Amino acid sequence: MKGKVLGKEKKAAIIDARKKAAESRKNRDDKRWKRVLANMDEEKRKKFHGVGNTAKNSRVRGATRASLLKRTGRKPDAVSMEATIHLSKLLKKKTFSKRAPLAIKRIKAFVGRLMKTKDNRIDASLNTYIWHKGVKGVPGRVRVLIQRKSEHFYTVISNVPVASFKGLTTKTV
Amino acid sequence: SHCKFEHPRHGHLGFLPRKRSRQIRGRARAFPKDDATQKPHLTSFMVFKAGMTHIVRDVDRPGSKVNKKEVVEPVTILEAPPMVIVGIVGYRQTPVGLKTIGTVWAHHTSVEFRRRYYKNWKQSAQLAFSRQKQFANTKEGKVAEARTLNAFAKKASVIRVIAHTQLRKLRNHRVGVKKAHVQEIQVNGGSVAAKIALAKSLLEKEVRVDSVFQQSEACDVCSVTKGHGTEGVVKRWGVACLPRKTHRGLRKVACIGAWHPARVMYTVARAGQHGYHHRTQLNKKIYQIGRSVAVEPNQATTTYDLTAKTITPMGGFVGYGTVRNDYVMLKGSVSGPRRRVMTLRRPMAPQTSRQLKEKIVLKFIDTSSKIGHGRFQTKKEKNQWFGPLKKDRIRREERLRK
Amino acid sequence: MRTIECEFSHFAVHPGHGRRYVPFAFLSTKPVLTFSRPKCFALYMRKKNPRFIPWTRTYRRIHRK
RNA sequence: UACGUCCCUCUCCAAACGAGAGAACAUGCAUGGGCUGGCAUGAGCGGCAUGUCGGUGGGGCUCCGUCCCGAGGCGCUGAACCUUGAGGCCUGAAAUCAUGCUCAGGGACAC
RNA sequence: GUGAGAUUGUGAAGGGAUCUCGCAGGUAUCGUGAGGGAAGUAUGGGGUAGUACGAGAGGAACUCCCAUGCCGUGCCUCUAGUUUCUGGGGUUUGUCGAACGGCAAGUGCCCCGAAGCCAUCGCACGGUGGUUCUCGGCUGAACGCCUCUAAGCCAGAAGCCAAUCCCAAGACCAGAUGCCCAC
RNA sequence: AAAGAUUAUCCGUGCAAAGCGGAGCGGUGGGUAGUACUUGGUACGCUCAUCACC
RNA sequence: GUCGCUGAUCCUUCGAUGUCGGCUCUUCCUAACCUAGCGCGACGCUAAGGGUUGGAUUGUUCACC
RNA sequence: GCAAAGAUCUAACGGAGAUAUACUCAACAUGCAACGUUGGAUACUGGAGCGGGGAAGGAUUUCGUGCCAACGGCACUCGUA
Ligand SMILES: [K+]
Ligand SMILES: [Mg+2]
Ligand SMILES: [Mg+2]
Ligand SMILES: [Mg+2]
Ligand SMILES: [Mg+2]
Ligand SMILES: [Mg+2]
Ligand SMILES: [Mg+2]
Ligand SMILES: [Mg+2]
Ligand SMILES: [Mg+2]
Ligand SMILES: [Mg+2]
Ligand SMILES: [Mg+2]
């Protein structure tokens, strides 16, 4: 329901009733799997491999993955990230004379969705990297440094030259 | 003037109009005739299509040049998790057709069943069936259930159960839907009282496919074909292309009618929708009803091929993934793409011919990769061909320094 | 059925895969040759020697071990 | 009034545009790892540096030997690169998937 | 009665009369099936059997099996076709001092090439009953003989009707059911 | 489509004859121990806990 | 013998109804060629449900191989 | 319908041409689209040239500063207006 209809405090209460009640308890009640498994003939009917949260490199049965992630205060205005963008899957079978301009638009949209900005400014180094093999020869991957700033928010996006793209993940710097 | 030369018309006029189907699921338009002598039983089940493959078998057919010889046959794999029964309905005959008498609901329902009544379930109040749930257990609700069951006993002639799928048990990542599919399944056999007793016994419980179908019988399939959007006359109806030098285009019907009647008739071919139509397909033989991999890992091992392997090919079913529940293997093809839900039905046609009565024994089931030209049946076979590779050498030299 | 080896590469050919070919100048002991891939058949037509193609069993056996 | 529905946003079994199937803090999305497959042995070095063994070249320069020019060849090397995108698989059989981002979703009707 | 308006042609404020419509449904599933459409059709072989019939020569047929032609509805495991995944490799002329990386020749050109699409060039499937015509009969008179007919019954065609199959409530379904509001 | 002080108790029965019948035990959350089901998610025995109908 | 089911006219159109044949595509008729049943090797009755081809020469329709 | 002559991208500066909001609301989901100049990048013409000069024909279209009503079949802060 709408947060301008209900007070902010009222909106908090509805979220709490679902979060700690009828979701958290179900978890604590279904804990009873330990009680059943300890009584179950050892080996014997042990064909219960997955149940009970006793298995290598598996998920937490009973709760979602999103409900376990750590929540933190909203990030500050000024923040810097480093990321890889896979442009090859975005530009597949596109008309050859439009590949570099479309790459510019796609990069802007990617960063804009990530950073909640409408004003995304492309640095000269990134523009040169995207165009440096002609209009049809756009590289398959690119690594970008994204800096958000406030005057109204906007981003500056620039190129990070790398030797190989293997093993790199999104980082906050 | 009569046409100089004659040929049969293009297309079947009994499949008109070629419009999009009203729903995406396959629904049986009729059920096999009820024979009151038999024991009460269910007549359909819902399954999900996951790719196809091929098998080898010996043929038992006197008089055929293929007698006692090995043949290769393509098959389709359909995943079949158990269904859950949530309600009972009854119908009475009238001079204008069948009418629903009432519905008996189960005392508890699943969240997946209740999700089917909303468009945004997560951001809602989630109050479906709450009043019915609390009212059905008081003194008056019990009386009302007794009343409606007696009305079924007195006036009904057809009994059906309401059943739904279990997507949480399906555990597939490309089937995005989370609200259950719901359908009526008719109960055939016995008398009305016996039907009611069976339907009341299996209320709030789940039903497996192997309790509806047996291995070597046949079935009918109800499903919706793949869509292709707006299609031209050459593909939609199979008319001939015109010569190269034709002005204004070649992929057309040249004459769409005579001077009289001064009209275009419903029998002439025109451009329009092709695909996404409902179809009922007749005699599909069941080759295997397979147990869940968690229960029995050697799904695709036969008596003649002792290799241990599952029904999932190397690299997975393209666009679908792993098969993790019970499954059925049908001979041949079925309408519709991968991931679509379809209905299996008990057969209508006579099942007395030799081909329908034959007993099937599999000798080889293919599990090579469907990406590319697969040439290995197992990962162990691939690892026997290639020895250790550079990646393995690095792994075994950096996992030993510790 | 039985698994057959490809004429050019000795890849294993399982039931329901591949293509079989019979030449006019047929050998009495091998009238029919089995090919696992169009690439293998094309190389055999071009008359290459399998011992120089690095992904064949012949090459692997004479070089790697 | 309330239950709710639609738009914006995300996905593709649908699709000219409408319409459809779905999701709505969800392994949802992103990047990486592993698989599955494609091609056919990368750039650089050196023939003495590769896996107790095995180590070029028709010819030609220079001051005996030694040091150089040279297409191609051999070793490191089934290497290197590519692999979901109009939209392949694995985080739930076994023996093997990891991180990062979401921080009161917004608007219109229902009235 | 209860709310909202307007009363529409010469200024700015006040209060009277009439007019108009708002005063109960909304949203989400499962079904029925009137009416309309409508489809399967040919050829060969086996054995029946060298049997019946025949002086001999010669020489059948139904139940039931096995295939194939055409037509129809789908499908993509395999085989085949297709590549702007410009995927990997190779190769010509020009060009950034060279190598590396590439780039221009509206996709330079050659080989192999996944996914998708697709072929009587591949693979799967194609149902049951009622009546009644030509005709064959039964009981039976007129016309006590007779007669398949005048009454009345029985068998019977790739015909017609229904079902299975496709669309389906302007066919306005007090068919069933989940939730909220109104009474 | 249902049948009744003019449609103003409930089942049973044939628009009968008779026969019943009218704190409790429901929806929710807390402990507590076993079971069933495809095995993470629902039911079920006790036990308080707030709302309930009658 | 008997009894039935190309021409000739000039009514419409000269402030214009595009003139042969083939190709493509649908539909209807029976005066039945095949397929289906009967009665008498041929002849007759019912039956329009399904089908009725590839080529050489000729602009040909026809005709002929 | 405005589809032959392959094609633009990026930052800063300029301009009324914006970052233009009622409650509530950190920012996305409520001001879009488009322009001149300079720098950088990427391509095209390819000496029978969208190079540099003349005849016929035209007659101020030439140069600078302003301006943007009409005209430059979209646009303009620009123009053979
Ligand atoms: K237009
Ligand atoms: Mg599609
Ligand atoms: Mg022409
Ligand atoms: Mg494949
Ligand atoms: Mg009908
Ligand atoms: Mg150039
Ligand atoms: Mg190029
Ligand atoms: Mg245009
Ligand atoms: Mg153009
Ligand atoms: Mg040029
Ligand atoms: Mg203009």
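Naming convention: chains lettered A, B, ... in sequence-line order (proteins, then strands); numbering from 1 in each chain. Below, each value reflects all heavy atoms present in this structure, side chains not excepted, and no hydrogens, waters or symmetry copies.
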Touch class at under 4.0 angstrom, heavy-atom based, for [X] against every strand present:
X      : result
A:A83  : nothing
B:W237 : nothing
B:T312 : nothing
B:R375 : nothing
B:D326 : base
B:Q123 : base
A:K94  : base
A:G62  : base
B:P82  : base
A:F96  : base
B:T322 : sugar-phosphate
B:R291 : nothing
B:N120 : base

- Message: How would you summarise protein contacts on nucleotides 88-96 of chain E per nucleotide, using B for base, S for sugar-phosphate only and - for none, with heavy-atom distances below 4.0 Å?
- Response: ---------
- Task: Going 5' to 3' through nucleotides 39-49 of chain D, assign each nucleotide B (protein heavy atom under 4.0 Å from a base atom), S (under 4.0 Å only from sugar-phosphate atoms) or - (no protein heavy atom that close).
- Result: SBB--------
Does the side chain of [X] get closer than 4.0 angstrom to OP1 or OP2 of [N] through an N or O atom?
X      : N      : value
B:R131 : E:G178 : no
B:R147 : F:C11  : yes
B:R29  : E:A168 : no

- Task: Provide the distance between the two P atoms, one in H:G40 and one in E:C100, to the nearest whole Å.
- Result: 30 Å
- Item | Close side-chain approach of A:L114 and A:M81, heavy atoms under 4.5 Å | yes
- On the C1'-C2'-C3'-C4' sign convention (north positive, south negative), D:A79 is classed north
- Task: For this output row, return yes or no: ring centroids of B:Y320 and B:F48 closer than 6.0 angstrom.
- Result: no
- Salt bridge flag under 4.0 Å for residues A:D123 and A:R121: no
- Task: Could you tell me whether A:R32 and A:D30 have a side-chain N and a carboxylate O separated by less than 4.0 Å?
- Result: yes
- Task: Return the 5'-most residue of the pair B:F376, B:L127 with respect to RNA chain D, ranking by each residue's nearest nucleotide.
- Result: B:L127
So, using ring-ring contact (aromatic ring centres under 6.0 Å, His included) as the criterion, who are the partners of [X] when residues are at least two apart?
X      : answer
C:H17  : B:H54
A:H86  : none
B:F386 : none

Just the table, please: protein N/O against nucleotides 28-30 of chain F N/O, every pair under 3.5 Å.
| unit_1 | atom_1 | unit_2 | atom_2 | d |
| --- | --- | --- | --- | --- |
| F:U28 | OP1 | B:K133 | NZ | 2.3 |
| F:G29 | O3' | A:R25 | NE | 2.8 |
| F:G30 | OP2 | A:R25 | NE | 3.0 |
| F:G30 | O5' | A:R25 | NE | 3.4 |
| F:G30 | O5' | A:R25 | NH2 | 2.8 |

- If pairing means Watson-Crick or G-U wobble with both distances under 3.5 Å, then the partner of E:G50 is none
Distances for protein N or O near nucleotides 10-13 of chain H N or O, under 3.5 Å:
| unit_1 | atom_1 | unit_2 | atom_2 | d |
| --- | --- | --- | --- | --- |
| H:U10 | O4' | A:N127 | OD1 | 3.3 |
| H:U10 | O3' | A:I122 | O | 3.3 |
| H:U10 | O2' | A:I122 | O | 3.3 |
| H:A11 | OP1 | A:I122 | N | 3.1 |

Contacts under 3.5 Å, N or O only, protein and nucleotides 13-17 of chain D:
| unit_1 | atom_1 | unit_2 | atom_2 | d |
| --- | --- | --- | --- | --- |
| D:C13 | OP1 | B:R339 | NH2 | 3.1 |
| D:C13 | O3' | B:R340 | NH2 | 3.1 |
| D:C13 | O2' | B:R340 | NH2 | 3.1 |
| D:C13 | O2 | B:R340 | NE | 3.1 |
| D:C13 | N3 | B:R339 | O | 3.4 |
| D:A14 | OP1 | B:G227 | N | 3.0 |
| D:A14 | OP1 | B:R340 | NH2 | 3.3 |
| D:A15 | OP1 | B:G229 | N | 3.0 |
| D:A15 | OP1 | B:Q273 | NE2 | 3.0 |
| D:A16 | OP1 | B:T230 | N | 3.3 |
| D:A16 | OP1 | B:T230 | OG1 | 2.8 |

- Any donor-acceptor pair under 3.5 Å linking the side chain of B:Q123 with the backbone of B:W121? no
- Task: Would you kindly say whether B:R279 and B:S335 are connected by a side-chain donor-acceptor distance under 3.5 Å?
- Result: no
- Does the side-chain ring of B:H12 sit on the six-membered ring of the E:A39 base, less than 5.5 Å centre to centre and under 30° in tilt? yes
- For B:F15 and E:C166, do the ring centres fall under 5.5 Å apart while the planes stay under 30° apart? no
- Please confirm if D:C45 pairs with D:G75, counting Watson-Crick and G-U wobble geometry and requiring both distances below 3.5 Å. yes
Under 3.5 Å, N/O pairs linking protein and nucleotides 78-83 of chain E:
| unit_1 | atom_1 | unit_2 | atom_2 | d |
| --- | --- | --- | --- | --- |
| E:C78 | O2' | C:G16 | O | 3.0 |
| E:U79 | OP1 | C:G18 | N | 3.2 |

- Task: Give the stems involving RNA chain H, where a stem is 3 or more consecutive Watson-Crick or G-U wobble pairs (i with j, i+1 with j-1, and so on) under 3.5 Å.
- Result: H:8-14 with H:35-41
What protein N or O atoms touch nucleotides 102-104 of chain E N or O atoms at under 3.5 angstrom, if any, and at what distances?
| unit_1 | atom_1 | unit_2 | atom_2 | d |
| --- | --- | --- | --- | --- |
| E:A104 | OP1 | A:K136 | NZ | 2.9 |

Between the protein and nucleotides 29-33 of chain D, list every N/O to N/O distance that falls short of 3.5 Å.
| unit_1 | atom_1 | unit_2 | atom_2 | d |
| --- | --- | --- | --- | --- |
| D:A30 | OP1 | A:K89 | NZ | 3.3 |
| D:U31 | OP1 | A:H86 | N | 3.3 |
| D:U31 | OP2 | A:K89 | NZ | 3.1 |
| D:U31 | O2' | A:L168 | O | 2.9 |
| D:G32 | OP1 | A:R141 | NE | 3.0 |
| D:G32 | OP2 | A:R141 | NH2 | 3.3 |
| D:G32 | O3' | A:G167 | N | 3.1 |

